[PDB]
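J.: For reference, each letter of the sequence shown is one residue, going 144 to 252, 267 to 323, 351 to 374, 378 to 435, 458 to 487, 496 to 522, 545 to 752, 758 to 894, 899 to 970, 981 to 1092 in UniProt numbering. Idealized CB from N, CA, C, for every residue including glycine. This structure is in structure tokens; I'll ask about it shortly.
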Amino acid sequence: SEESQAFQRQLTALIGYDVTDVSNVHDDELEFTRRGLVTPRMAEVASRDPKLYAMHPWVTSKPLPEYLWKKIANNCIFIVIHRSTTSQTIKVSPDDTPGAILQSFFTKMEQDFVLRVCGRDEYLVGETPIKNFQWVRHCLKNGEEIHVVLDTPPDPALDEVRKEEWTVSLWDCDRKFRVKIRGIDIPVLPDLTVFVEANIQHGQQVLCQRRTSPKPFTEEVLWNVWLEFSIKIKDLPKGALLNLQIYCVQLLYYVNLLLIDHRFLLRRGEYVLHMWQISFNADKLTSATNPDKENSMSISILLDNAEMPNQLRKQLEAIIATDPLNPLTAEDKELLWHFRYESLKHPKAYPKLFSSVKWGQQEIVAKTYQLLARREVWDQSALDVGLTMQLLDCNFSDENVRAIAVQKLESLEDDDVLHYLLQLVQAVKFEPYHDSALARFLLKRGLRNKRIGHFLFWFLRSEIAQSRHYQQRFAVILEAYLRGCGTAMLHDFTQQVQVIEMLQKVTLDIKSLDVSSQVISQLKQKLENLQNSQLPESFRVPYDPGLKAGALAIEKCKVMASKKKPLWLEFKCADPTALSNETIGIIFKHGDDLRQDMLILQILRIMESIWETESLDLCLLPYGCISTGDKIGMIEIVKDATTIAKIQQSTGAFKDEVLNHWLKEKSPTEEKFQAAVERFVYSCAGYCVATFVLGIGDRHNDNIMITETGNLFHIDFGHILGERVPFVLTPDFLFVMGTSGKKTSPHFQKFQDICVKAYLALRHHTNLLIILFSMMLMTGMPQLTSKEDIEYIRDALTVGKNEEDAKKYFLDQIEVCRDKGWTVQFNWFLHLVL
Ligand SMILES: C[C@@H](c1oc(=O)c2ccccc2c1-c1ccccc1)n1nc(-c2cc(O)cc(F)c2)c2c(N)ncnc21
């Protein structure tokens, strides 16, 4: 009880927000959730395997791609086992496991040791086939030797968890719901007339709307009006958001209040809600009141209480085939609902079905629940992630509807959970209530696997550190996680948090003071002062928790000559068993919002996985990136890489030959050089298709880079998000491919061919990409997120069009880029002057 004060204070340090704080609330939902999440934590902690949790092996049940089979020699796998600076090689089959492989070593010169990967904290352990380990595939994909160091396993005791110590409406009537608007109050006015618009909302649909009369916008406006709504109290659905907004027209302020609380009670009493200052985005839905009580506006209220016909089946099937953004007419909705039992047979009909429910009626919602009660077809259906994701977006409130979504995610293996985790963390923003099946899914999955747990922490910490709209909720979830992750990890997270808090301090202090002599001088002094006392011996790399970064390579650290002034920092590896002498690189940056970088890079990983399922590898580089705080964070330095603008600038006269010449120098042999040119054709093709689909194609060439081995890759997506070519394919790139102006070439034929395959590949997962894009814009990018902005990707994916018309579309977009040529790239420098 005296010791728990320090532990709670330790948890507040890791979260960067006090969950015991009660200044910004009008109920106990957050405290109820803190208590509510105890059971799921303690359940999952009680059921987890200690040794497997300790070693967390990164394995899969998905097949090896048709591309990766060619790198197997003679059904053989060369593992290089190390032990005390003395190595040995072993012949291994693809279906072998570590236990069989260890017994082979002991024969050639028992069950105490474990086979750990060289460089990383990663363990080839368990009863998984050696073909289906992620690390075995990294070494096959990159073309590397599978190196592993024999040593003792990590002791489970280190991962000990601390001991802990702790339907319908009530007041139900056929009365019409009403709220008295007493008045509003702000200390300073920021536009002479104003009025309150009150809205009964369920899942971003206005069930009923009433307004006050207009009045002069003075510092204290008092209407004292009862607004009677049409909707009856018994007809209020759970999760019904009372949304209050101030207009002048122009929406200036907004706040929300849940009409039915976490204990199923109707909301009643005097409330003084502090509002947010200002098209739909996730912030607009929040149950959170404004914490800035001094400067913010406040509203004050009072609550006192047979077989189907042929044509129609075909008509219904037509509705079910359409894209997620395809509008349902009131005719369509009436059809879907009337034949809801037929609609229930088709899992793909579900989003549209539950979008056809009149959530303003108790009889209907009752019927909808009776319908969901018999879901044999839903449970037996093969997991569709895109379908599951629809049902967790802003259009669906209602626990049961969202619950069957989460029910399908349960089947995802750990590998697939990481792929979708960020989006799923963001989807918590669309939850009406703090405690939710989704929140509990995340917590559970985080506690079961350290890798998922690691990235959960940081994704949660990102939003806690900068979203006032949702910091309160996410913190109660992260506190819940950290209370079961283990003492080993809590110490590990603390190390990382303390390293980051140092390194951001140097970044911002140097940002205050193009490059000069004193800036180069002061940095090398600043990094020495931290390394000599403050900074640890070693710490986990947040963007990659296999790597333990050691000391600073102070020689290699430097500041960019840019307005934003990022810190390029470089670390030696703390692991002595690491194969090379190569450094772990990091870019700390203030000024950009790196949550936009996060979300784009995460879709690129999803695009790779899609491409893997249809045996394609377009050679993307989705480097590590983690947002740590407000306009601040961290990026993985991609090694042996330059910007294509530096290659050129060595005014604004761009040159066709130079990139091709640049590859000839950094690659010694021709067969390497051609291998670079090959890698360029894929990488360039993949980044063209991906950026077209995401609407972020038109980049200026400072924000496009290439590796010495010809791997093209884009950067700085946060910069862009906030005459026009569809994607960067400047002449310099085409010159590597052996074509100039009108001409064609054998690599350029291969470019168009892959681009077409990839594009059509992504189009086989249209719905998934539509929702990822939809949810990105709503949760990630406040700047632009209207109906038309979401509907960009429809036109990009050529929805409702066959593979021939679609092929023609993308090839024409390639022809545009050439027809304009250097035009746009030159126009950036021209715009700096103009
Ligand atoms: C532009 C370049 C760069 O960025 C610095 O910060 C920097 C700092 C001190 C000196 C040179 C630099 C350079 C640099 C410029 C020209 C040639 C070589 C290096 N850059 N930028 C990102 C990068 C990517 C993001 O998504 C977000 C972000 F904020 C930065 C990046 C990366 N991930 N990997 C490798 N290089 C990278």
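(1) Is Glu799 close to ligand 1? I mean its beta-carbon at under 7 Å from any heavy atom of the ligand.
(2) Can you tell me where the alpha helix (DSSP H) with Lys421 in it begins and where it stops?
(3) In whole angstroms, give me the CA-to-CA distance for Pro311 and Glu718.
(4) Check whether the region 837 to 850 touches the region 358 to 368, taking contact to mean three or more Cβ pairs, one atom from each stretch, closer than 8 Å.
(5) Is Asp521 close to ligand 1? I mean its beta-carbon at under 7 Å from any heavy atom of the ligand.
(6) Is the separation between the beta-carbon of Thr886 and that of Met995 shorter than 8 Å?
(7) Label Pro916 either buried or exposed according to how many other C-beta atoms from any shown protein chain fall within 10 Å of its C-beta, with 16 as the threshold for buried.
(8) For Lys510, which residues in the same chain have their Cβ closer than 7 Å to its Cβ, ignoring the five residues on either side in sequence?
(9) Taking 7 Å as the cut-off, is the C-beta of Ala885 nearer than that to any heavy atom in ligand 1?
(10) In chain order, what residues of the same chain lie with their CB nearer than 7 Å to the CB of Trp617, ignoring the 5 residues before and after it?
(11) Where does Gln893 fall in DSSP's three states?
(12) State yes or no: is the C-beta of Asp521 within less than 8 Å of the C-beta of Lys421?
(13) On the DSSP letters alone, give me the boundaries of the alpha helix (DSSP H) that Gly625 sits inside.
(14) So, with DSSP's three-state summary, where would you put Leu862?
(15) Within its chain, find whatever has a CB closer than 6 Å to the CB of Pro789; leave out the 5 residues flanking it on each side and keep chain order.
(16) Assign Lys1065 to one of three DSSP states: helix, strand, or coil.
(17) Report all residues from its chain with a CB closer than 6 Å to the CB of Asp500; omit the five preceding and five following residues, and keep chain order.
(18) So the candidates are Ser147, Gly723 and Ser760; which of them puts its Cα closest to the Cα of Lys809?
(19) Apart from the five residues just before and just after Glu406, which ones in its own chain have a Cβ nearer than 8 Å to its Cβ?
(20) To which residues of the same chain is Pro286 closer than 6 Å at the C-beta, ignoring the five residues directly before and after it?
(21) So what does DSSP say about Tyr280, is it helix, strand or coil?
(22) Could you pull the start and end residues of the alpha helix (DSSP H) that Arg687 belongs to?
(23) Under DSSP, the beta strand (DSSP E) around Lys912 begins and ends at which residues?
(24) Can you grab the Cα-Cα spacing for the pair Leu695 / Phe1084, in whole Å?
(25) Leaving out five residues on either side along the sequence, give the residues of the same chain with a beta carbon under 7 Å from the beta carbon of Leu460.
(26) How close, in whole Å, do the beta carbons of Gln846 and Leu681 come, if the pair is a contact with beta carbons under 8 Å?
(27) Apply the 10 Å Cβ neighbour rule to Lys360 and answer buried if 16 or more other Cβ atoms are within range, or exposed otherwise.
(28) Using CA coordinates, which residue listed in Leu907, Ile559, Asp836 and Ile244 is at the minimum distance from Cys219?
(29) Using the C-alpha atoms, what's the distance from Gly426 back to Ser675?
(30) Would the C-beta of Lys647 count as close to ligand 1, meaning under 7 Å from any of its heavy atoms?
(31) Rounded to whole angstroms, how far is the Cβ of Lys668 from the Cβ of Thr1037, which I believe are closer than 8 Å?
(32) May I have the straight-line CA-CA distance separating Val983 from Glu799, to the nearest angstrom?
(33) Taking the alpha-carbon positions, what's the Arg712 to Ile222 distance?
(34) Just the Cα atoms here: how many angstroms apart are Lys768 and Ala822?
(35) For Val604, name the three-state secondary structure that DSSP assigns.
T.: Quick look at the numbers:
(1) It does not: the Cβ of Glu799 is nowhere closer than 7 Å to a heavy atom of ligand 1.
(2) First-last for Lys421: undefined, no H or E at that position.
(3) 25 Å
(4) no
(5) no
(6) no
(7) exposed
(8) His483
(9) Yes, the Cβ of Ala885 comes within 7 Å of a heavy atom of ligand 1.
(10) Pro586 and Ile643
(11) coil
(12) no
(13) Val624 to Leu630 is the extent of the alpha helix (DSSP H) around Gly625.
(14) coil
(15) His693
(16) Secondary structure of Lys1065 (DSSP, three-state): helix.
(17) Apart from sequence neighbours up to five positions away, the residues of its chain that approach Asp500 with a beta-carbon distance below 6 Å are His708, ordered along the chain.
(18) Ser760
(19) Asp369, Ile370, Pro371, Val372 and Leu373
(20) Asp238
(21) strand
(22) Where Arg687 is concerned, the enclosing alpha helix (DSSP H) stretches over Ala676 to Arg687.
(23) Taken as a continuous stretch (DSSP letters only), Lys912 belongs to no beta strand (DSSP E), being part of the alpha helix (DSSP H) at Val906 to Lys914.
(24) 42 Å
(25) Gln432 and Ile487
(26) The beta carbons of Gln846 and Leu681 sit about 15 Å from each other, so the pair does not count as a contact at 8 Å.
(27) exposed
(28) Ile244
(29) 12 Å
(30) no
(31) 6 Å
(32) 41 Å
(33) Rounded to whole angstroms, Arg712 to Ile222 spans 47 Å at the Cα level.
(34) 27 Å
(35) helix
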